[PDB]
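These are the residues of each chain, in order.
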Amino acid sequence: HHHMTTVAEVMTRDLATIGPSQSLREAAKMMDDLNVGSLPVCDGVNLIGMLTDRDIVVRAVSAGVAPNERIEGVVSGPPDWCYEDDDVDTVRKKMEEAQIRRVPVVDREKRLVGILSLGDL
Amino acid sequence: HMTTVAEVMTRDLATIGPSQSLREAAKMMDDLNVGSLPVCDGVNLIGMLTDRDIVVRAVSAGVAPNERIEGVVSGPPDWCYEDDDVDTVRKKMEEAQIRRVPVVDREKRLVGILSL
Ligand SMILES: [Cl-]
Ligand SMILES: [Cl-]
């Protein structure tokens with residue numbers, strides 16, 4: 001048995017992201033269509049944060065921020081994130097510590113390369 | 001000895017009615033640190049409105065925060081009686097990935113909320 005499993009071996013590489021200038025309505029539609037509760041917010045491979053369904057509710061809806069408004073005013077971080085060569089068990093423990101279900105994965109240049117979800121484990 | 005739902009549920013009820021706004025629901029979820037709220041019209045338990053429901057049924061449709069929540073909730077809700085076995089109910093909650101279940105008496109009146 002050669003090695004402990006790395007994030008790269010279990011993450012998804014089919015990346016669905018949303019930009020900071022897109023609307024809360026667009027984020028909510030993407031969450032519904034993809035059946036996910038959290039989206040990576042990026043400009044291209046440049047990771048800004050993760051936006052959750054609960055973030056939309058407690059940071060936007062509760063404050064009267066309407067669906068046409070841009071995501072970027074609602075994003076708050078710093079995001080959890082990991083490197084693709086990190087050990088998956090260590091990352092899983094950090095996800096449970098933050099009570100998150102998806103974590104973005106970057107390469108050594110901090111470019112977004114994947115998403116690790118609890119369901120991948 | 002079997003622990004019943006009544007022994008561990010919260011009896012302090014904070015519910016929302018169908019005529020109240022999405023903003024009010026979201027603010028209650030934040031203030032109470034919960035992901036779902038019982039929707040009640042008087043003694044009539046209609047369903048459990050989740051934070052995700054607000055997003056995928058209201059925000060995704062462009063609904064403004066001041067709009068009422070009526071019709072956003074979908075069901076039927078999971079629910080249990082106060083004298084049900086809590087271990088059984090929690091097994092069902094784990095299976096369905098729900099974190100809160102409304103608890104009713106034999107007349108189907110809301111008496112508590114079970115969390116975990
Ligand atoms: Cl989901
Ligand atoms: Cl929560």
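It should be noted that the structure appears before, not after, this text.
*Asks:* Outline the sheet that holds strand β3 (residues 82–83) of chain A, listing residues and values.
*Replies:* The strand order β3-β4-β5 (chain A) describes an open sheet built from three strands, whose pairing is mixed. At either end of the open sheet lies a strand with only one pairing partner, and these are β3 and β5 (112–117) of chain A.

*Asks:* Give a description of the pattern of salt bridges that names residues and reports values.
*Replies:* Tallied over the full model, the rule gives twelve salt bridges over all chains. Residues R111(A) and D107(A) are paired through a salt bridge, measuring 2.9 Å at the closest nitrogen-oxygen approach. For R111(A), a relative accessible area of 37% gives the class partly exposed. Residue classification places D107(A) among the buried positions, given a relative accessible area of 8%. A salt bridge links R11(B) to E82(B); the nearest nitrogen and oxygen atoms lie 3.3 Å apart. With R11(B) in the segment before α1 (22–32) and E82(B) in the loop between β3 (80–81) and α3 (86–96), this residue pair connects regions lying 71 residues apart in the sequence. If you follow the salt bridges from partner to partner, you end up with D89(A), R92(A) and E96(A) in one network.

*Asks:* Requested: an account of the interface of chain A and chain B, with residues and values cited.
*Replies:* The partner chain B presents 21 residues to the 21 residues of chain A that form the contact. Summing both sides of the interface, chain A and chain B together bury roughly 1600 Å²; the carbon and sulfur share of this comes to 63%. Three residues stand out in chain A for area buried against chain B, namely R54(A), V57(A) and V61(A), and they jointly supply 33% of the buried area on that side. The tally of links from chain A across to chain B stands at two salt bridges. Between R52(B) and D53(A) there is a salt bridge, with the nearest N and O atoms lying 3.0 Å from each other. Broken down by secondary-structure element, the contributors of at least two residues to the side of chain A that touches chain B are α1 (24–34) and α2 (53–60) of chain A. If you tally residues by element for the side of chain A that touches chain B, the top one is α1(A), at six residues.

*Asks:* Before we move on, can you summarise the pairing of strand β5 (residues 110–115) of chain B with the specific residues and values?
*Replies:* All names here are of chain B. Counting buried positions along β5 gives five out of six residues, so the element sits mostly inside the fold. In terms of strand pairing, strand β4 (residues 100–104) meets β5 through five bridges, oriented antiparallel. When the bridges of β5 are listed, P102 appears paired with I113.

*Asks:* Hey, could you go over the environment of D78(B) for me, with residue numbers and the actual values?
*Replies:* All names here are of chain B. Mapped onto the elements of the fold, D78 is located in the loop between α2 (51–58) and β3. Separated by 24 residues in the primary sequence, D78 and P102 have C-alpha atoms spaced 7.3 Å apart. Not counting residues within four places of it along the chain, the set of residues in contact with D78 comprises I98, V101 and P102.

*Asks:* I'd like a rundown of the side chain of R102(A), residues and numbers included.
*Replies:* Residues and elements named next belong to chain A. With respect to the helices and strands, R102 occurs in strand β4 (residues 102–106). Engagement of the side chain of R102 in a polar contact is seen with the backbone oxygen of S38, the distance being 2.9 Å. In this structure the side chain of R102 is engaged in a polar contact, spanning 3.1 Å, whose partner is the side chain of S117. When neighbours within four sequence positions are excluded, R102 is seen to be in contact with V36, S38, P40, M50, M95, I115, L116 and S117.

What counts, and at which threshold
Residues numbered from 1 in each chain as written, not as in the entry; some residues may be left out. Chains lettered and ligands numbered in written order. Heavy atoms only, no water. Residues with missing side-chain atoms left out of burial classes, pairs and counts. Pairing = 2+ DSSP bridges. Helix = DSSP H or I, 4+ residues; strand = E, 2+ residues; numbered from the N terminus. Salt bridge = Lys/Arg side-chain N within 4 Å of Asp/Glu carboxyl O. Buried < 20%, exposed > 50% of the residue type's maximum accessible area, 1.4 Å probe, protein only. Contact = heavy atoms within 4.5 Å. Buried area = accessible area lost by both parts, 1.4 Å probe. Polar contact = N/O pair within 3.5 Å; in protein donor to acceptor, adjacent residues only side chain to side chain.

Note that every value here comes from positions in space, so none of it alone points to a role or purpose.
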